[PDB]
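Student:
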Amino acid sequence: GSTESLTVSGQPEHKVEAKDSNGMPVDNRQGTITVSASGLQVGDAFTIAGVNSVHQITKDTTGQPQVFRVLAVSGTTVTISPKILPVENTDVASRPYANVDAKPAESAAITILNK
């Protein structure tokens, strides 16, 4: 019997990096958020409002909410993954292999699962 106002402040966003400090190709990951929601710990899976997955059926955009896992939490700072990559943005070359349509404003509302 609790409220369903699960929101998050801050803007999680990472872009497809060409190379890192070693100068090798990078598949960027993670996304750290300061949550207004729940009080999460490591091991949750949830969907965020505005984050819609892509290429479920070979570059098919279906608008299905992307599910995230928790890797690390430091207070109300949750490091989540899979990362968020906009197929409608990012870059002409790097967007086709992105995982979601867009990276929404701030962090937005969350639908928490313990499954």
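Just so we're aligned, residue 223 is where the sequence shown starts under PDB author numbering, counting upward by one.
Built from N, CA and C at the ideal position, the CB exists for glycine as well.
(1) Quick one: residues in its chain with C-beta nearer than 7 Å to the C-beta of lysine 237, no 5 flanking neighbours on either side, listed in chain order?
(2) Report the partner residues of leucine 335 according to the DSSP bridge assignment.
(3) How close, in whole Å, do the beta carbons of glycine 253 and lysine 305 come, if the pair is a contact with beta carbons under 8 Å?
(4) Is DSSP giving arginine 291 helix, strand or coil here?
(5) Per the DSSP calculation, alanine 330 is bridged to which residue(s)?
(6) Since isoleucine 302 is in the beta strand (DSSP E), which residue starts that stretch and which ends it?
(7) Apply the 10 Å Cβ neighbour rule to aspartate 242 and answer buried if 16 or more other Cβ atoms are within range, or exposed otherwise.
(8) Measure the Cβ-Cβ separation of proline 308 and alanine 324 and say whether it is below 9 Å.
(9) Could you tell me the boundaries of the beta strand (DSSP E) in which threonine 256 lies?
(10) Do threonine 284 and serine 275 have their C-beta atoms within less than 9 Å of each other?
Tutor: With the given structure in hand:
(1) As a working mapping, residue 237 is identified with position 15 in the sequence shown. Cβ within range, chain order: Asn250 and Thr312.
(2) Start at 1 with the first residue of the sequence shown, and residue 335 comes out as number 113. Looking at the DSSP assignment, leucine 335 forms a beta bridge with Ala267.
(3) For the purposes of this step, residue 253 is taken as the residue at position 31 of the sequence shown. For the purposes of this step, residue 305 is taken as the residue at position 83 of the sequence shown. The pair is a contact, with the Cβ atoms about 6 Å apart (cut-off 8 Å).
(4) For the purposes of this step, residue 291 is taken as the residue at position 69 of the sequence shown. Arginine 291: strand per DSSP, three-state reduction.
(5) Residue mapping note: residue 330 aligns to position 108 of the sequence shown, counting from 1. Paired residue(s): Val230.
(6) The residue you call residue 302 lines up with position 80 of the sequence shown. Note, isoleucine 302: beta strand (DSSP E), 299–303.
(7) Here residue 242 refers to the residue found at position 20 of the sequence shown. With fewer than 16 Cβ atoms within 10 Å of its Cβ, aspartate 242 is classed as exposed.
(8) The sequence position of residue 308 within the sequence shown is 86, counting from 1. The sequence position of residue 324 within the sequence shown is 102, counting from 1. Yes, the Cβ-Cβ distance between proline 308 and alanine 324 is below 9 Å.
(9) Counting from 1 along the sequence shown, the entry for residue 256 is found at position 34. First-last of the beta strand (DSSP E) with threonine 256: 254–257.
(10) The residue labelled residue 284 in the question sits at position 62 within the sequence shown. The residue labelled residue 275 in the question sits at position 53 within the sequence shown. Yes. Within cutoff.
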